[PDB]
Amino acid sequence: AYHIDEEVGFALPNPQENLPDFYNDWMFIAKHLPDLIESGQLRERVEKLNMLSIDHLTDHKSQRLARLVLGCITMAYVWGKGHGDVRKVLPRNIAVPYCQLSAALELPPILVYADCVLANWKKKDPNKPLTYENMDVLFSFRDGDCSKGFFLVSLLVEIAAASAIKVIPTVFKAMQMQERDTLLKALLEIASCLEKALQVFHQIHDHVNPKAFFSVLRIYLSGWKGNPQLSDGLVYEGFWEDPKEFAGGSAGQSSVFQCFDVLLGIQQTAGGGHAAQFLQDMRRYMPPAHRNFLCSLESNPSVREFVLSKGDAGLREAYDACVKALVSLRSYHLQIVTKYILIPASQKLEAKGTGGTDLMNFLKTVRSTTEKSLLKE
Ligand code: HEM
Ligand SMILES: NS(=O)(=O)NCCSc1nonc1/C(=N/O)Nc1ccc(F)c(Br)c1
Ligand SMILES: NS(=O)(=O)NCCSc1nonc1/C(=N/O)Nc1ccc(F)c(Br)c1
Numbered sequence: 047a048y049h050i051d052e053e054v055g056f057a058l059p060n061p062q063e064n065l066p067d068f069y070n071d072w073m074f075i076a077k078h079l080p081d082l083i084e085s086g087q088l089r090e091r092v093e094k095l096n097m098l099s100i101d102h103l104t105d106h107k108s109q110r111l112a113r114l115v116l117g118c119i120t121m122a123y124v125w126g127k128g129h130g131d132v133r134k135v136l137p138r139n140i141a142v143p144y145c146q147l148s149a150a151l152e153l154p155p156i157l158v159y160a161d162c163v164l165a166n167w168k169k170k171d172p173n174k175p176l177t178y179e180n181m182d183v184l185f186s187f188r189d190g191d192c193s194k195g196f197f198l199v200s201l202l203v204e205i206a207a208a209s210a211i212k213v214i215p216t217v218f219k220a221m222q223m224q225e226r227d228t229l230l231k232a233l234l235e236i237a238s239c240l241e242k243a244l245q246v247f248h249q250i251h252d253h254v255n256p257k258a259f260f261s262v263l264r265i266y267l268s269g270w271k272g273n274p275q276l277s278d279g280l281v282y283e284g285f286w287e288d289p290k291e292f293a294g295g296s297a298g299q300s301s302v303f304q305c306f307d308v309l310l311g312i313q314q315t316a317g318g319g320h321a322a323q324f325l326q327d328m329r330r331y332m333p334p335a336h337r338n339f340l341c342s343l344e345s346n347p348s349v350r351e352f353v354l355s356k357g358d359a360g361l362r363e364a365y366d367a368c369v370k371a372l373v374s375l376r377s378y379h380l381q382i383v384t385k386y387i388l389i390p391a392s393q394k395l396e397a398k399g400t401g402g403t404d405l406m407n408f409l410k411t412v413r414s415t416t417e418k419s420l421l422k423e
């Protein structure tokens with residue numbers, strides 16, 4: 047369909063954990079990144095790899111795992127230990143398979159949200175539910191980086207959003223079959239589920255330490271677009287001649303928030319402002335099927351103009367309960383950014399620095415664009 051699952055939403059259902067034996071030399075390096083980065087053998091280990099053909103990867107789930115393996119290796123190679131000794135050329139034995147596979151999955155050749163959260167997980171017990179206690183990630187960068195907590199919590203917020211995503215068919219059908227009562231029950235279920243996704247978001251404090259995120263994990267998630275340590279981008283040796291720039295990972299790459307924006311007719315990606323340009327660009331980092339779902343929603347008739355035209359106050363209050371749950375999420379998110387970036391940065395990403403300023407201004411603009419779509423203030 048649009049690769050949307052009814053249980054896990056945009057998450058890859060039950061990711062694959064093992065690659066064919068043909069790829070053992072890839073898998074060994076990814077499984078041992080904390081150790082290999084710590085000693086400083088990681089970059090040697092990459093430079094001595096053979097060139098493995100991607101032809102022995104024979105389905106989507108196996109391609110997704112291979113992207114996740116190669117994306118983590120690539121971040122470990124470029125940033126190394128995390129202190130400024132960078133590499134600007136990615137050796138051909140990684141770059142050629144990584145670029146070929148990325149072109150086939152229609153994704154930029156850099157680690158994205160959909161690799162390290164949406165496919166980087168397993169159930170411990172396949173019988174018991176999708177809870178933190180029954181889950182684990184497949185790969186980590188450094189001992190102590192809190193990557194399990196950070197990836198698993200993001201995932202659980204995605205799985206929470208799933209119960210709301212499966213109501214979107216009901217909304218477009220109720221509109222055209224002119225079914226007022228079922229449209230209203232649907233809009234309230236969406237809002238109920240966005241409110242539950244916010245409470246799951248609170249669990250990030252239970253599992254992620256600000257100091258570990260800011261001084262360790264954040265560095266391996268960063269990219270090479272507008273990054274002065276790699277001001278021209280990365281050379282993907284043997285595939286493109288010139289360096290190329292790609293952005294680092296963020297849940298701006300999550301289809302979740304963008305999809306309820308389109309649904310509720312809130313015009314973020316609309317305009318030429320720098321906030322609209324960012325959010326549109328982050329769509330190039332989403333899997334193609336999810337990109338297409340988003341664009342499909344953009345073309346269907348407007349839920350906002352429907353509600354606005356029917357003089358029906360219960361409909362307007364149900365629409366508003368959806369707009370409100372997005373403002374809440376985005377406001378809790380500002381708090382999150384303050385606690386995990388602005389405050390640790392003060393111990394150039396500080397609140398009044400050049401980075402911490404443009405990012406808070408972007409986030410506050412998106413939240414305030416959302417808040418304006420309220421029908422009742
Ligand atoms: C330690 C935790 C987190 C931090 C520091 C953080 C930080 C940021 C920052 C700085 C941005 C600005 C855009 C960019 O530079 O890419 C951003 C964007 C965004 N983040 Fe986060 N984030 C965290 C976790 C999450 C989680 C768990 C979610 C949702 C599950 C999320 C959802 C979003 C969304 C949707 C955007 C795009 C802006 C918007 O649509 O309102 N973030 N995040
Ligand atoms: N680390 S700090 O910058 O110095 N703290 C400044 C205030 S935040 C804070 N204080 O206690 N817990 C905090 C927290 N908030 O989300 N998460 C957390 C912290 C430590 C851990 F080992 C784990 Br697991 C999770
Ligand atoms: N260089 S920077 O100033 O710190 N800007 C960094 C841009 S935001 C950021 N950084 O890490 N995570 C970020 C994020 N933001 O929503 N969500 C997130 C959550 C789970 C993931 F698997 C990934 Br991938 C991303």
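Counting from 47, one number per residue, gives the positions in the sequence shown under the working numbering.
Virtual Cβ for every residue (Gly too), placed ideally from N, Cα, C.
**Q.** Coarse secondary structure for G298, derived from DSSP in three states
**A.** Residue 298 sits at position 252 when you count from the first residue of the sequence shown. Helix, per DSSP.
(Q) Under 8 Å: do the region 183-190 and the region 230-241 share three or more Cβ pairs, one atom per stretch? (A) no
Q.
Between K290 and chain B, is the shortest Cβ-Cβ distance under 9 Å, so that the two count as touching?
A. Judged by its chain identifiers, the structure shown contains no chain B, having just a single protein chain.
Q.
Please classify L420 as buried or exposed, where buried requires at least 16 neighbouring CB atoms within 10 angstroms.
A. For the purposes of this step, residue 420 is taken as the residue at position 374 of the sequence shown. Flag for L420 reads exposed.
**Q.** First and last residue of the uninterrupted beta strand (DSSP E) at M121
**A.** Your numbering for residue 121 matches position 75 in the sequence shown. Unbroken run through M121 is the alpha helix (DSSP H), 106-125; no beta strand (DSSP E).
**Q.** heavy atom of ligand 3 below 8 Å from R264 C-beta
**A.** On the sequence shown, position 218 is the one that residue 264 refers to. Yes, Cβ of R264 sits closer than 8 Å to a heavy atom of ligand 3.
**Q.** Proximity test, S374 beta-carbon vs ligand 1 heavy atom, cut-off 8 Å
**A.** Within the sequence shown, numbered from 1, the residue matching residue 374 stands at position 328. Incorrect: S374 has no Cβ contact closer than 8 Å to ligand 1.
Q) Hey, out of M121, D131, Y365, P143, whose CA is closest to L103's CA? A) Against the sequence shown, residue 103 aligns to sequence position 57. The candidate whose alpha carbon is nearest that of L103 is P143.
Q | Proximity below 9 Å, CB of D358 to CB of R226 | A | Counting from 1 along the sequence shown, the entry for residue 358 is found at position 312. Counting from 1 along the sequence shown, the entry for residue 226 is found at position 180. The answer is yes: Cβ separation under 9 Å.
Q.
Short of 6 Å in beta carbon distance, which residues of its chain neighbour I100, apart from the five on each side in sequence? Order them along the chain.
A. The residue labelled residue 100 in the question sits at position 54 within the sequence shown. Excluding positions up to five away in sequence, the list reads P143, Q146, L147.
Q: Check the C-beta distance from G295 over to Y159 and give it rounded, since I have them as a contact under 8 Å.
A: The residue given as residue 295 occupies position 249 in the sequence shown. The residue given as residue 159 occupies position 113 in the sequence shown. Confirmed, Cβ separation roughly 5 Å.
Q | Pocket of ligand 2 (residues with CB nearer than 5 Å to any heavy atom), chain order | A | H251, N255, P256, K257
Q) Run through DSSP, which three-state label would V369 get? A) If you number the sequence shown from 1, residue 369 lands on position 323. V369: helix per DSSP, three-state reduction.
**Q.** Exposed unless 16 or more other CB atoms sit within 10 angstroms - verdict on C341
**A.** The residue labelled residue 341 in the question sits at position 295 within the sequence shown. Looking at its Cβ environment, which holds fewer than 16 other Cβ atoms inside 10 Å, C341 is exposed.
Q.
Alpha carbons only, please: which of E351, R413, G360, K394 is nearest the one belonging to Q381?
A. To locate residue 381, count along the sequence shown from 1; it is residue 335. Residue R413 is the option with its Cα nearest to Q381.
Q. Can you check whether the CB of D288 is closer than 9 Å to the CB of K134?
A. In the sequence shown, the residue the question calls residue 134 occupies position 88. In the sequence shown, the residue the question calls residue 288 occupies position 242. In this structure, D288 does not lie closer than 9 Å to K134 by Cβ.
Q) Under the criterion of a Cβ to heavy atom distance below 8 Å, does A141 qualify as lining ligand 1? A) The sequence position of residue 141 within the sequence shown is 95, counting from 1. Outside the cutoff, so no.
Q) What is the DSSP secondary structure of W167, counted as helix, strand or coil? A) For the purposes of this step, residue 167 is taken as the residue at position 121 of the sequence shown. Of the three classes helix, strand and coil, the one that applies to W167 here is strand, per DSSP.
(Q) Check this for me: beta carbons of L111 and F68, under 9 Å apart or not? (A) On the sequence shown, residue 111 is found 65 positions in, with the first residue counted as 1. On the sequence shown, residue 68 is found 22 positions in, with the first residue counted as 1. No, they are not a contact pair.
Q) Measuring CA to CA, which of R329, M73, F218 is closest to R91? A) Position 45 of the sequence shown, counting from 1, holds the residue named residue 91. Closest option to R91, Cα to Cα, is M73.
(Q) Along the chain, where does the alpha helix (DSSP H) containing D327 start, and where does it finish? (A) As a first step, residue 327 must be located in the sequence shown, where it is residue number 281. Note, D327: alpha helix (DSSP H), 320-327.
Q. Comparing the CB of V412 with every heavy atom of ligand 1, is any distance shorter than 8 Å?
A. Position 366 of the sequence shown, counted from the start, is the residue given in the question as residue 412. Indeed, a heavy atom of ligand 1 lies less than 8 Å from the Cβ.
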